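Below is one structure, written out as structure tokens, with a few remarks after it.
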Amino acid sequence: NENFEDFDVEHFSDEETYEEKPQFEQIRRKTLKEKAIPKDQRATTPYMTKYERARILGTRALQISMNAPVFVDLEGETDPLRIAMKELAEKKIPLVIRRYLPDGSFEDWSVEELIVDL
Amino acid sequence: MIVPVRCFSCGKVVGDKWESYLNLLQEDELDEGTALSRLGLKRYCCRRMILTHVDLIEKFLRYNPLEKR
Amino acid sequence: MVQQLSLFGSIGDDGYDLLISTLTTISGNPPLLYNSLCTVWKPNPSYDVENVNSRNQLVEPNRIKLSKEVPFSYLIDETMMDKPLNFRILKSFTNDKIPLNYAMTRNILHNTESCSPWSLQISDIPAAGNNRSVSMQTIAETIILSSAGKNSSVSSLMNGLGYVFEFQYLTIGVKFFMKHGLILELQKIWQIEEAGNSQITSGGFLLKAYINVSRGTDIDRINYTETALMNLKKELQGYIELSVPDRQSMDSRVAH
Amino acid sequence: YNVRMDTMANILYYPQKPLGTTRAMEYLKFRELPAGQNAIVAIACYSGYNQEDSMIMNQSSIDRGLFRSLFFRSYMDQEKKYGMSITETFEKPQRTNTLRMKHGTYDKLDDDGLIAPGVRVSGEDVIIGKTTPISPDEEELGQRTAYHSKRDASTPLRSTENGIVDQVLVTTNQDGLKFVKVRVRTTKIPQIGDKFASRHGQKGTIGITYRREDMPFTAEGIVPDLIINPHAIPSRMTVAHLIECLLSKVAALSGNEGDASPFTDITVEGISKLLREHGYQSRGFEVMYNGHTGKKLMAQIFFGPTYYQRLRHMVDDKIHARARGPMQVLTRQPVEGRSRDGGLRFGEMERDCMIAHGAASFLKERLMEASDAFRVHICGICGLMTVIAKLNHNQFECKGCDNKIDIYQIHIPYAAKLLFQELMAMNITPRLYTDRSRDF
Amino acid sequence: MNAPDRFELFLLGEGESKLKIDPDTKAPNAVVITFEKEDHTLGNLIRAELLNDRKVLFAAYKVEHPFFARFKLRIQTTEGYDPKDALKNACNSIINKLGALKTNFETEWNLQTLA
Amino acid sequence: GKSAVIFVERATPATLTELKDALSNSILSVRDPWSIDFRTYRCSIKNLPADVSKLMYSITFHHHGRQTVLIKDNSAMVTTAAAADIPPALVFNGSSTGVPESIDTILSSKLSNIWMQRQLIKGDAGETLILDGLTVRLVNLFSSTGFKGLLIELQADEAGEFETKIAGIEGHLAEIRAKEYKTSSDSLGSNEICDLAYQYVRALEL
Amino acid sequence: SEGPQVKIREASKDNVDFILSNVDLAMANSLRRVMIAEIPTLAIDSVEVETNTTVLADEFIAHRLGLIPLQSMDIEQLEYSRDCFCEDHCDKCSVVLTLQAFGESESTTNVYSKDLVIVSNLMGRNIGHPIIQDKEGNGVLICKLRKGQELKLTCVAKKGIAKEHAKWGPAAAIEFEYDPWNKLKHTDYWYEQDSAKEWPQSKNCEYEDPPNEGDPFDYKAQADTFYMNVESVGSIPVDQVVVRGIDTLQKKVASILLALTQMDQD
Amino acid sequence: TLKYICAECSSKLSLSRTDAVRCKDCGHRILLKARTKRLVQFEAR
Amino acid sequence: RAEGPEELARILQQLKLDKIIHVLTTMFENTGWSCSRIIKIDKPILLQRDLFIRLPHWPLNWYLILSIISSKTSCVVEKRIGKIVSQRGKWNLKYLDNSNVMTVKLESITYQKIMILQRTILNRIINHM
Ligand SMILES: [Mg+2]
Ligand SMILES: [Zn+2]
Ligand SMILES: [Zn+2]
Ligand SMILES: [Zn+2]
Ligand SMILES: [Zn+2]
Ligand SMILES: [Zn+2]
């Protein structure tokens, strides 16, 4: 065992403190074709979020690292993430984002039409 | 435990000066500063090697040897 | 570091000339008679070695082999001077009788000054990846140009490396440099021993279709040569069966 | 300590009694058995490598024995008689007749199964060889034969540790069973990451080590053994550290021991007068020169000896990494502890930080592909994991539902599977389904 | 455990050269020279004595990390003056100065008769 | 012809150009630069008996068409790695594999459990100077710790009058204040390249 | 001659005090650094212990033995062991010493560096002898033995520089000072009431003219006239410390020239 | 067979496997294994 | 590979002077004069080139300095006598004779004048001490 006087705080261990005080629809149904919000009435932002950017870059890099076809010309680029960022720079990623609204409905936004402002 | 060979800071050899330091202490009745200056330790880096040394080896030498020839 | 993509097969002695005609039609090149005396050297058993090497990786003891082209005057039994040196010579070589006895090979090895050129080859076991349809093997090759000194004999030279002589064999065959850089050998194999020569390929020819590629990382080149080898197997399909031999057969490492 | 075979022991090579000393520590025998070294300490922002309680310690001084220490670890082992034939034996095991030998070497052992004192040991090397008999004619691990009449119960060295076998002690316990104790000696040379503290709560680790020619130097050629940062001083209000350095400078020059007892009438002005009498600036500042270029530093540096202690927290006893390793028997998660090649806790509030970052796939990878990824089969009828799967025969069946065509495989943590099976033990059905039933 | 050996502070490893010269694209007629297995001892000397050259517009050295015994020396000269020749002249003048210093120290030490 | 090898063990790093300007009036022309690395392998057998040496010297001339010579107990191994200088018989019969590897790579890759490399002396960026019926090849040798010594290689087309040329080069080396060179002209038994490598071995040993 | 000028103030067996004039600050500091770190010296590098019944640890004794100063006059004539063709060490690249001390006396038996005995063949060189400086003739106190304790070991002394390990340093402490009157204003003096009286004058202030306190600051003046005191450990004489430091710095600069010329012709 | 030393008598003793671990001169039941006869190399840094 | 007409004119003039250099050095090397190509000087005092010819039977580090000067019209050669030494890989004219220099026309140098020059040069070198 060990015997050290340097006090190290036991993390994730609030159960000692817990035990000290123990007493005191209308528009869409099922999974039909109605669930997709059509393109003309999509109400979400046309900007591609930081999470959308991170997951598109990760997915595209995972594909490029698994010998997917690359739709941009390489300038000697080797890292799949940098190839993915070059594809995202000139909008050659053939993916879409299914943005789930809280009621289960979704909008399909293509990566091509989303604006990369960040 | 036993006197270091070299001063830690500068590297002047102080291991040869320990018994002369003890002799300047006990049979010449000098104080420790004049004894250190007599041996040529003029930097306090060298003076603290001999001045602060605790010579624990003879405490280790009071025990009987484990392997006796 | 040459990778050797190779396929192997066997024919009988009776079907030799038909195969020569067939591969002459396929290649467009006439067969060329060739020979090579291969001497295989194992590490010295009296020497205590380490499983590790200079690096911290484990290394198994491997037999290494030297080869050279014996002149064909040493392989004619005073009956075939009139017959020209072509593919018809191998029809006569059926039994164990070869003019190259053990003593002439010892004269070759012990050089009884300067030595003939040799070819030192080190080959590991072929790859175990079961996605390749040809036997892919790695051969570490170098060329011993010459020698000198009081111990210029290649036997003493190989003893200098810590290697002792284990066995040797003589192979005589005909080979075709085909299209797309494919070499197709068709060889007999005799083992040379003190008790007498022994024909390993008894009453038949060992067939070896190999392509040598310099770079093992050129996966495009590897796939190109593999497709060429599978093509050659496809024209020869039905007549002769070419297949990947067992990797345990091509393992030259010393077992213990 | 040489005749004491303690479990752990740390011994400095060159203990130094403090230059600044208390009248009280005479009775504590602190000048007889000291616990530190008077290091020449510069308080300077030298290279930025002593920031945030780091320190720059002289590599040349380290080479000459500054804060070098001995480390002794004793290993205990005994042979115990469980029954008649099931008894342990101190001997050198052989791979021919002993099962589950450790992959570390056994060549350093002798015929008694013990390594001789003086022999250098490396990591995971066997120092005590012990064998226990086993039941004959079994079939375990494939490499089991009738020759293997024993199994290896040997004691290896710690995987990260290495050193010299210092003393091996054979004796019998109270029960009369022979038991051995093996002491291994190694030296901890100070390096980047070793924790050092003064006598004032000013703990710190070595940020970097410079050699003597790169250290700043005074006009006398004195270089520090230790550069600490000025920013450690004002917020902590450790004036006694500065007074210790001044008094130790005066004591080292005058050849005395400074009386640093608390409630005496010893002032900074008297120590400054004594320091000025020795030809130094009275407040301890010295004009030092940059070691890289030789130019005078525009700021003068507080300089002088200070008693520093080497603390027991070495970085090499704390450095730990694991890519893959052993798993626990129960949860099939990575084990705990760097001694057992364990894994690092990815706790609940680390998971909360990854949730706040929005990294869902990294969180999934930590909880599944980094700890415990289990494939289990469930049927579509009942959500329970009671599906008998024969993947070689490609046959699936859930008894009760009696279905063989409605089986799904899912990837859950093994802790989740254990939780669900424990809930089934509590007569609760945690039925898992792969399709929704109600709207959002 | 992770501490590097102390000899590759001054020993060239396998397949590395003492100097390597890369052209610097920020300024015209400027190069960056990486000195392997050196430290501030040579760098400060070369840089401060390159600055005595009237045809050297820029001379600076830096040890990017104390862990690695190397430094980068950037030299920019006037047009028509190759910085390699600036380095040659700088090193040659340092050689001459050190030789004169050595001979002067021999003469002055031989003048001492109390040793 | 015949070759001899002079290795000034202790010369200044600038002795090479000092020796070059010593032969200012004798150089007719300058040919392409040359180089050489000198390797030494120690046998790693735990139990070697007597009457066998543990040292093997690998000498790789970057001139003479990229050729490596191995010396052990006065026995040579002229070994090549270029594809151009393979004999056509060795590549025709399939004994060779088209392109060979350097024997140094074989010893450091597939023979490291017997022989490990100990010392590497890379004498690089040498020069070739042509005297009157003579070829001096100057190079500066380099161990791990910087400079090692000046290496001079003498080569003549003929061999009838060669020792006088050696005496002349020795006199020129004495003229530039270098008296403790280790000359070597010992042959084996006898190729030119193997004898040159043996002369290198005796020059670099003391 | 024209160039750097040296005026030796004090010369001793283990100390030289000289004034280094007509020289740049970089050259003086590089010389100081080379003397501290880059001069080759002989020191015990590997200790093979045969018998050790002392109270000191084996590697304790080995670290003490490495720090023993050994004679290094002919350390040029020795070779680096990594540059030598021998397997571990030989007479061409190492000096083999031995130490066999036994406690046959009733009192404690001190083990000195004078008990180190050279067993290798020096071939007439002047290296390997332990340095004795004190009047008693004993060397550095290596160990102490009570009755019955034995210490039998073999040392191999190899050459190195202080960059590899500080046991190879011959330079002790090197004093170094320029501008003792702060006429260049490279220091801004910390003070409480008056910087002139709170800061003691150095001993080198007597060798320069004090400032006139009314004259303007000389912005054109550079740093020269360096006051250096070199102290020898004992391995080499202190003048040889200075001379070998100048030679080592010269050799480094010549190596830079060599590298530049080799890649110039390629 | 293997050399052992008693804790306080410091007399070298040879013990086989069947022999009980005791000193023939002292009877003190603590014995120390002898130091190895092989030479051990210490790098003096 | 000449882009502009001025570039081709410079290449043509360089070809002219290099042809003169080649014919002179072949003349002297066929005679037996060991002409040197390992020596370069910053300036030997239009576009001009210099030849450093020597015959190894008259004192060391001395050469016959041949300087040609070339133009579109008129091209002559300067016969100078000088002493060149090699110091640390650098060639320096330790002596030059700029006084007794004669400039013969290019269309007049033959093998007979080369014979006369060979019989004269050794005396010229001897008289320069
Ligand atoms: Mg903290
Ligand atoms: Zn000191
Ligand atoms: Zn079910
Ligand atoms: Zn089951
Ligand atoms: Zn040696
Ligand atoms: Zn006893």
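In the structure tokens, the first chain shown is A, the next is B, and so on; residue numbers restart at 1 for each chain, and ligands run from 1 in the order shown.
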**OP:** Using only C-alpha atoms and all ligand atoms, find each protein or nucleic acid residue lying at most 8 Å from ligand 6; present the set as number ranges by chain.
**Re:** H: 5-11, 22-28
**OP:** Within 12 Å of ligand 1, which residues show up when you count only C-alpha atoms and all ligand atoms? List them as number ranges by chain, please.
**Re:** A: 6-9; D: 52-54, 195, 202-205
Written file, previous selection with C-alpha atoms, as a compact mmCIF listing (two decimals), in the first residue's frame:
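The new file out-v2.txt reads:
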# COMPACT_ATOMS: atom_id res chain seq x y z
CA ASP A 6 0.28 14.99 0.44
CA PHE A 7 -3.51 15.26 0.27
CA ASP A 8 -4.86 14.16 -3.12
CA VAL A 9 -8.55 14.93 -3.55
CA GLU D 52 4.74 28.56 -11.56
CA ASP D 53 6.78 26.90 -8.78
CA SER D 54 9.23 25.25 -11.15
CA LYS D 195 9.83 17.49 -6.28
CA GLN D 202 7.89 26.36 -1.10
CA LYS D 203 7.56 23.04 -2.90
CA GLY D 204 8.47 22.71 -6.54
CA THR D 205 9.67 20.47 -9.34
Show which residues sit within 9 Å of residue 34 (chain I), as an mmCIF file with N, CA, C and O atoms, in the first residue's frame. Count only C-alpha atoms, and ignore same-chain residues fewer than 5 positions away.
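The resulting file, around32.cif, is shown below:
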data_model
loop_
_atom_site.group_PDB
_atom_site.id
_atom_site.type_symbol
_atom_site.label_atom_id
_atom_site.label_comp_id
_atom_site.auth_asym_id
_atom_site.auth_seq_id
_atom_site.Cartn_x
_atom_site.Cartn_y
_atom_site.Cartn_z
ATOM 1 N N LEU F 28 48.234 18.037 -62.587
ATOM 2 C CA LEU F 28 47.905 18.290 -63.982
ATOM 3 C C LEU F 28 46.435 18.647 -64.164
ATOM 4 O O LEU F 28 46.110 19.556 -64.934
ATOM 5 N N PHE I 28 49.644 25.042 -77.212
ATOM 6 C CA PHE I 28 50.681 24.913 -76.197
ATOM 7 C C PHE I 28 50.730 23.520 -75.577
ATOM 8 O O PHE I 28 51.820 23.038 -75.253
ATOM 9 N N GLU I 29 49.588 22.846 -75.419
ATOM 10 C CA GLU I 29 49.609 21.497 -74.870
ATOM 11 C C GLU I 29 50.095 20.474 -75.889
ATOM 12 O O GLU I 29 50.715 19.476 -75.504
ATOM 13 N N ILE I 53 49.811 29.192 -68.501
ATOM 14 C CA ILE I 53 50.541 28.081 -69.084
ATOM 15 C C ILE I 53 51.884 27.941 -68.385
ATOM 16 O O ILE I 53 52.414 28.884 -67.792
ATOM 17 N N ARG I 54 52.444 26.737 -68.457
ATOM 18 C CA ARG I 54 53.701 26.426 -67.793
ATOM 19 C C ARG I 54 54.327 25.219 -68.473
ATOM 20 O O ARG I 54 53.627 24.377 -69.038
ATOM 21 N N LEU I 55 55.654 25.151 -68.422
ATOM 22 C CA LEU I 55 56.401 23.970 -68.802
ATOM 23 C C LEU I 55 57.285 23.554 -67.634
ATOM 24 O O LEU I 55 58.061 24.378 -67.128
ATOM 25 N N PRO I 56 57.201 22.304 -67.172
ATOM 26 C CA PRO I 56 57.809 21.919 -65.881
ATOM 27 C C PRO I 56 59.316 21.689 -65.960
ATOM 28 O O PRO I 56 59.831 20.623 -65.617
#
Counting only C-alpha atoms, a student should be able to say which residues of chain F come within 10 Å of chain E; what is the right answer, written as an mmCIF file with N, CA and C atoms, in the first residue's frame?
data_model
loop_
_atom_site.group_PDB
_atom_site.id
_atom_site.type_symbol
_atom_site.label_atom_id
_atom_site.label_comp_id
_atom_site.auth_asym_id
_atom_site.auth_seq_id
_atom_site.Cartn_x
_atom_site.Cartn_y
_atom_site.Cartn_z
ATOM 1 N N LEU F 120 32.142 3.786 -37.433
ATOM 2 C CA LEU F 120 31.910 4.238 -38.797
ATOM 3 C C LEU F 120 32.765 5.471 -39.031
ATOM 4 N N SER F 143 35.383 10.173 -37.596
ATOM 5 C CA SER F 143 34.715 9.246 -36.696
ATOM 6 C C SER F 143 33.460 9.914 -36.143
ATOM 7 N N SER F 144 32.898 9.337 -35.081
ATOM 8 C CA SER F 144 31.778 9.977 -34.402
ATOM 9 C C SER F 144 32.193 11.309 -33.787
ATOM 10 N N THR F 145 33.398 11.372 -33.222
ATOM 11 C CA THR F 145 33.866 12.579 -32.544
ATOM 12 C C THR F 145 34.724 13.400 -33.511
ATOM 13 N N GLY F 146 34.043 13.947 -34.517
ATOM 14 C CA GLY F 146 34.650 14.909 -35.425
ATOM 15 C C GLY F 146 35.797 14.344 -36.239
#
**OP:** Residues within 9 Å of ligand 3, counting only C-alpha atoms and all ligand atoms: report them as a list in words.
**Re:** residues 378, 379, 380, 381, 382, 383, 384, 385, 386, 387, 397, 398, 399, 400, 401, 402, 403, 406 and 407 of chain D
Residue hits in chain H, query chain D, radius 6 Å, only C-alpha atoms, as a PDB file with N, CA, C and O atoms, in the first residue's frame:
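Written file, part.pdb:
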ATOM      1  N   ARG H  29      19.009 -17.906  13.329  1.00  0.00           N
ATOM      2  CA  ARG H  29      18.218 -18.427  12.227  1.00  0.00           C
ATOM      3  C   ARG H  29      18.051 -17.438  11.088  1.00  0.00           C
ATOM      4  O   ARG H  29      17.189 -17.643  10.232  1.00  0.00           O
ATOM      5  N   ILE H  30      18.860 -16.388  11.045  1.00  0.00           N
ATOM      6  CA  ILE H  30      18.886 -15.449   9.935  1.00  0.00           C
ATOM      7  C   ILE H  30      20.221 -15.620   9.234  1.00  0.00           C
ATOM      8  O   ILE H  30      21.278 -15.480   9.858  1.00  0.00           O
ATOM      9  N   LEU H  31      20.178 -15.933   7.947  1.00  0.00           N
ATOM     10  CA  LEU H  31      21.384 -16.099   7.155  1.00  0.00           C
ATOM     11  C   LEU H  31      21.300 -15.202   5.934  1.00  0.00           C
ATOM     12  O   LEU H  31      20.216 -14.969   5.396  1.00  0.00           O
ATOM     13  N   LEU H  32      22.447 -14.688   5.512  1.00  0.00           N
ATOM     14  CA  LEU H  32      22.539 -13.832   4.343  1.00  0.00           C
ATOM     15  C   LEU H  32      23.223 -14.582   3.213  1.00  0.00           C
ATOM     16  O   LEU H  32      24.221 -15.274   3.433  1.00  0.00           O
ATOM     17  N   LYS H  33      22.677 -14.450   2.010  1.00  0.00           N
ATOM     18  CA  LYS H  33      23.319 -15.029   0.842  1.00  0.00           C
ATOM     19  C   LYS H  33      24.628 -14.308   0.560  1.00  0.00           C
ATOM     20  O   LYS H  33      24.750 -13.101   0.778  1.00  0.00           O
ATOM     21  N   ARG H  35      27.754 -12.617  -1.469  1.00  0.00           N
ATOM     22  CA  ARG H  35      27.861 -11.758  -2.637  1.00  0.00           C
ATOM     23  C   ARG H  35      28.318 -12.573  -3.838  1.00  0.00           C
ATOM     24  O   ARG H  35      29.059 -13.550  -3.706  1.00  0.00           O
ATOM     25  N   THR H  36      27.841 -12.182  -5.018  1.00  0.00           N
ATOM     26  CA  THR H  36      28.148 -12.929  -6.228  1.00  0.00           C
ATOM     27  C   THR H  36      29.631 -12.835  -6.560  1.00  0.00           C
ATOM     28  O   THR H  36      30.287 -11.823  -6.297  1.00  0.00           O
TER      29      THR H  36
END
Original post:
Residues within 9 Å of ligand 5 (only C-alpha atoms and all ligand atoms), as a list in words?
Top reply: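 Taking only C-alpha atoms and all ligand atoms into account, the residues around ligand 5 at most 9 Å away are residues 79, 80, 81, 82, 83, 84, 85, 86, 87, 88, 89, 90, 91, 92, 93 and 94 of chain G.
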File dump, residues just selected, C-alpha atoms, as a compact mmCIF listing (two decimals), in the first residue's frame:
# COMPACT_ATOMS: atom_id res chain seq x y z
CA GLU G 79 41.82 8.54 -27.76
CA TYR G 80 38.08 8.49 -27.19
CA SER G 81 36.91 4.96 -26.43
CA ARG G 82 34.06 5.36 -28.93
CA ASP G 83 36.67 6.24 -31.58
CA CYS G 84 38.77 3.17 -30.75
CA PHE G 85 38.59 -0.22 -32.45
CA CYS G 86 38.91 -2.15 -29.17
CA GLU G 87 35.92 -3.96 -27.70
CA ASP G 88 35.54 -1.99 -24.45
CA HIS G 89 38.85 -0.34 -23.57
CA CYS G 90 42.58 -0.61 -24.21
CA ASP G 91 45.80 1.29 -23.57
CA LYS G 92 45.28 3.40 -26.70
CA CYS G 93 42.06 4.92 -25.36
CA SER G 94 41.92 4.27 -21.61
Just the residues within 6 Å of region 35-37 of chain A, please, counting only C-alpha atoms, with nothing from its chain fewer than 2 positions along; format it as a tab-separated table (two decimals) with N, CA and C atoms, in the first residue's frame.
chain	number	residue	atom	x	y	z
A	33	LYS	N	-43.66	9.83	-44.91
A	33	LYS	CA	-42.91	10.79	-45.71
A	33	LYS	C	-43.09	12.23	-45.24
A	105	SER	N	-39.08	15.75	-36.39
A	105	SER	CA	-38.99	16.19	-37.76
A	105	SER	C	-37.56	16.63	-38.08
A	106	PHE	N	-37.23	16.63	-39.37
A	106	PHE	CA	-35.86	16.94	-39.76
A	106	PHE	C	-35.81	17.74	-41.05
A	107	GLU	N	-34.73	18.50	-41.21
A	107	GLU	CA	-34.39	19.18	-42.45
A	107	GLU	C	-33.10	18.61	-43.00
**OP:** Would you mind listing what lies within 8 Å of residue 18 (chain B) as a ChimeraX atom specification, with only C-alpha atoms counted and same-chain residues fewer than 4 positions away left out?
**Re:** /B:3,14,22,50
Please produce a file of the residues just selected, as a tab-separated table (two decimals), in the first residue's frame, where the atoms kept are N, CA, C and O atoms.
chain	number	residue	atom	x	y	z
B	3	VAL	N	32.64	12.76	3.16
B	3	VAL	CA	32.85	14.10	2.61
B	3	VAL	C	32.82	14.06	1.09
B	3	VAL	O	33.39	13.13	0.48
B	14	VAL	N	37.19	19.15	-2.67
B	14	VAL	CA	37.15	19.37	-1.23
B	14	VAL	C	37.27	18.09	-0.44
B	14	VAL	O	37.29	18.14	0.79
B	22	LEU	N	39.51	18.83	10.11
B	22	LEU	CA	39.34	18.29	11.46
B	22	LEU	C	40.57	18.52	12.31
B	22	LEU	O	40.46	18.83	13.50
B	50	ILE	N	32.33	21.82	3.34
B	50	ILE	CA	33.05	21.30	4.49
B	50	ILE	C	32.38	21.73	5.79
B	50	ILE	O	32.35	20.98	6.76
Original post:
Got a sec to pull out which chain G residues are within 10 Å of chain B, counting only C-alpha atoms, and send them as a count of residues only?
Top reply: 50
Subject >> Exercise answer, chain D residues close to chain G, 7 Å and only C-alpha atoms, as a PyMOL selection string >> reply: chain D and resi 60+63-64+213+219-222+279-281+293-294+296-300
Residues of the last selection are to be written out with C-alpha atoms, as a tab-separated table (two decimals), in the first residue's frame.
chain	number	residue	atom	x	y	z
D	60	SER	CA	26.78	20.05	-13.26
D	63	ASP	CA	26.66	15.31	-11.70
D	64	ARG	CA	28.69	16.04	-8.55
D	213	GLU	CA	28.37	27.22	-18.43
D	219	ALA	CA	31.93	37.85	-10.52
D	220	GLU	CA	33.46	35.25	-8.18
D	221	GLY	CA	32.50	32.45	-10.58
D	222	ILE	CA	29.84	31.06	-8.24
D	279	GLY	CA	32.39	42.51	1.35
D	280	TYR	CA	28.97	41.67	-0.09
D	281	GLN	CA	25.92	43.82	-0.72
D	293	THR	CA	26.44	35.76	-23.52
D	294	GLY	CA	28.59	36.87	-20.57
D	296	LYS	CA	25.86	41.67	-16.96
D	297	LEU	CA	22.24	41.13	-16.02
D	298	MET	CA	20.59	44.53	-15.64
D	299	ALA	CA	18.90	43.29	-12.46
D	300	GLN	CA	20.97	42.14	-9.52
What's the 8 Å shell around residue 93 (chain I), counting only C-alpha atoms, without same-chain residues fewer than 4 positions away, as a PDB file with C-alpha atoms, in the first residue's frame?
ATOM      1  CA  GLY I  82      54.299  36.284 -63.380  1.00  0.00           C
ATOM      2  CA  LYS I  83      54.697  34.207 -60.242  1.00  0.00           C
ATOM      3  CA  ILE I  84      51.531  32.658 -58.798  1.00  0.00           C
ATOM      4  CA  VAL I  85      51.425  30.771 -55.497  1.00  0.00           C
TER       5      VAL I  85
END
